[PDB]
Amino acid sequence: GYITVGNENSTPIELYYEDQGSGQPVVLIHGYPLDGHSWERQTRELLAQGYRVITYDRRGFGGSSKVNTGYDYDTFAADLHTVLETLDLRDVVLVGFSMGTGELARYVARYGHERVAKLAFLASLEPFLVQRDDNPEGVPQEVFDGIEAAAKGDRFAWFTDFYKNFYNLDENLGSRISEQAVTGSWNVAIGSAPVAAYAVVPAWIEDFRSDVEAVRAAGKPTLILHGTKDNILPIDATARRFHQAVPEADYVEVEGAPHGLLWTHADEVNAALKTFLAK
């Protein structure tokens, strides 16, 4: 399916989406540089549990418009807003992974939570990833400069390097992810808009601390889950701070898990989601 969310010059900006099952709506928002199918190990369990599972592809990724403009969380949240309004979804469970955790917080901040039943943040960006004078716990900017340069330099070679650290392949290749599944991740990645390989990096490092305040103040059931061997979003720079800021949220650390834990630790992610959604 497609939902129109804007225009880029003479072209409509259309987001690809899937809408499956019956029951309470659950919207799953994927990470860079994948698409909605990256949720497949979660999707099939949620459908079996009697939820209506919707995924969509972020602008620039998967089946969505390969735009040059709007790679920022205000726009990403406006896109999500249009998806929810177009489908008139109510009592929705929003679940974000990696980039998708930014949509969740920015959406609540900008649009409120009238449509939202629950929030689940998996392998989160929050609260503010890049080190600044007022954000000493962040990661130094030079890391992101280097990522931007590599992704712009040759996105094809860059995605290979990214997935090594995404999945901790030195540890997990052949035990928790096959070579073929890694290849599938890379084939999806190179289908993204060339500019999206690097244009999203400034978005990853936006300050979400005010959005975290909105999330906490919404008082909706919230889950925060992260792997302890995450080499993309270090757990001390993200989830542990997020947990401190939103102490009311359910909090899960998946021992030994990398950033790409929807696949490598699907069982643990699924168990956490099942418990959380049942509440």
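All residue numbers refer to positions in the sequence shown, first residue = 1.
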Study note, to complete from the structure: For 224-232 versus 246-254, entry-based mean Cα B-factors point to 246-254
Review point. Do the C-alpha atoms of 94-102 or of 164-172 have the higher average B factor in the entry?
Key: 164-172
Review point. Which is it among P33, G36, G60, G219: the one with the largest CA B-factor in the entry?
Key: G219
Exercise for review: Among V195, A189, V139, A120, single out the one with the highest C-alpha B factor in the record, please.
Suggested key: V139
Check your understanding: If you rank the chain by CA B-factor, which third does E179 end up in: lowest, middle or highest?
Key -> middle
Point to revise | Among modelled residues of the same chain, the CA temperature factor third for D211 | key: middle
**Study point:** CA B-factor placement of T43, once the chain's modelled residues are sorted into thirds
**Key:** lowest
Review point. Hey, what third does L125 fall into on Cα B-factor, ranked over its chain?
Key: lowest
**Study point:** Chain third (lowest, middle, highest) by recorded CA B-factor, residue given as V200
**Key:** lowest
